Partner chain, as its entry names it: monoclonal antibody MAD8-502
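One chain comes next, on its own, written as C-alpha cells: the form solved without its partner chain.
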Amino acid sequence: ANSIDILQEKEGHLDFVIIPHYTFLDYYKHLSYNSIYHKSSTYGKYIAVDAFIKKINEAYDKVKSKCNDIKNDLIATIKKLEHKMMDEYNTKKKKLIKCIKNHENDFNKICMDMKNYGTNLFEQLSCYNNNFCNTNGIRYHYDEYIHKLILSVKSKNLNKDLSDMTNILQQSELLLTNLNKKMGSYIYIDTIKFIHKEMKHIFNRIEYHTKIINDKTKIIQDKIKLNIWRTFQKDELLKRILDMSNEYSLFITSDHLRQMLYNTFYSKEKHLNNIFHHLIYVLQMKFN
C-alpha cells in the first residue's frame, strides 16, 4: 500500500521491493522447507520446492516488468539530476508508485498461490506418534538456511556501519553549507544537495531495517533453543513451525533490504565523491 523500498545498488539501476510481499513469500518459503524436512522420506522434495519458488519469482518479476517504462523514465530523470527538474523527479516517482498499486491484485494472486503451496506441504505433515513429534525438521532447516545468516549479522556490528554513515552525511552537510556560505557561485551545487537529500532518506531506511535485524537476531536465537531437541504434540509442533517461519521471514526481509539499501547509499556516495574530485581539482587549478 505504502511500504515500497526504492533501490539503486548500481549506476542507473533502479528497482523496488514491496516490503509486505517480500515477508509473505519468505514466510511460505520457510513453511515449505520445514514441512518437507520434518521427515527424511520427504527431504528430496526440496528440488520441487526450489523449482516452484523459481516459478513464483519469475511470475512476480513479470508483473513488476509491466511498470518498466515508468521505472526507466525515472532512471533517465535521476541520471540527468546526477550531473532544475527536481519537481519532475517527484512526479515520475509518484507515477511509478501509482502503477505498482494498480498491479496490486496481479501480485496478490502470485502471493496467494505461494501461500497455497506452502500450506499444502504444511498440511501433509506426518508424525509417527502425534504426542511425540520430532523437531528434526526445525533444526535441519534452521542449521542450513537460517543459522549462517545469524552468525554473519552477529559479526557485522550494524550499529558501527550506521555511525560511519552519519559521519558521511555530516561531512557532506558541512561541505554543502561551506559552499553555500563561502563560494555558492559553483556548478553542480544543486546536484550535491539532491544526492545528499536522497542519501539522508536511504540512511533512515537502513536505520529502520538494522533496528529490526538487531532484535530479530536475539528473538530467533532465543526461540530456536526451545524448539530444537524436544518432541511436541502435533498441534504444538505446527504452532512452532509457523512462529519460527514468521520470525525468520521478518528477519530475512529487513536483512536483505538493509544490505540492498547499504549498496545504494554507497553507490550514491560514489557519484557524490566523483563531484567532490571535480570540486577539489577546480579549486586547485584556480589556486594556480
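Residue numbers count along the first chain shown, from 1.
Gap between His83 and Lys84: 10 or more deposited residues without coordinates. For the pair 127 to 135 and 178 to 186, the record assigns the higher mean C-alpha temperature factor to 178 to 186. Judged by mean Cα B factor in the deposited record, 61 to 69 ranks above the other of 23 to 31 and 61 to 69. Going by the entry's values, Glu173 shows the largest Cα B-factor out of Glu173, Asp143, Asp113, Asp215.
In this PDB entry, the Cα temperature factor of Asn204 sits in the middle third of its chain's modelled residues.
Among the modelled residues of its chain, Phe107 has a C-alpha B-factor that falls in the middle third according to the deposited record. When the modelled residues of the chain are ordered by C-alpha B-factor, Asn120 sits in the lowest third.
In what follows, reference is made to the form deposited with its partner chain bound, a form of this protein that is not presented.
Shown here without its partner, the chain carries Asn68, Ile70 and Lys94, none of which come within 4.5 Å of its partner chain in the entry with it bound through any heavy atom.
Proximity to its partner chain in the entry with it bound, taken as heavy atoms within 4.5 Å, picks out 138 to 146 from the listed stretches 138 to 146, 161 to 169, 95 to 103, 198 to 206.
Using a 4.5 Å cutoff between non-hydrogen atoms, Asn90 does not count as a contact of its partner chain in the entry with it bound. Interface membership of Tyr186, defined by any non-hydrogen atom within 4.5 Å of its partner chain in the entry with it bound, is ruled out. Proximity of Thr177 to its partner chain in the entry with it bound falls outside the 4.5 Å heavy atom cutoff. In the entry with it bound, its partner chain sits beyond 4.5 Å of every heavy atom of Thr210. This chain is drawn without its partner chain; in the entry with it bound, the residue among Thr191, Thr217, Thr77, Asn134 with a heavy atom within 4.5 Å of it is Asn134. Of the candidates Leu238, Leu257, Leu250, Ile224, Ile224 is the one whose heavy atoms come within 4.5 Å of its partner chain in the entry with it bound; the others do not.
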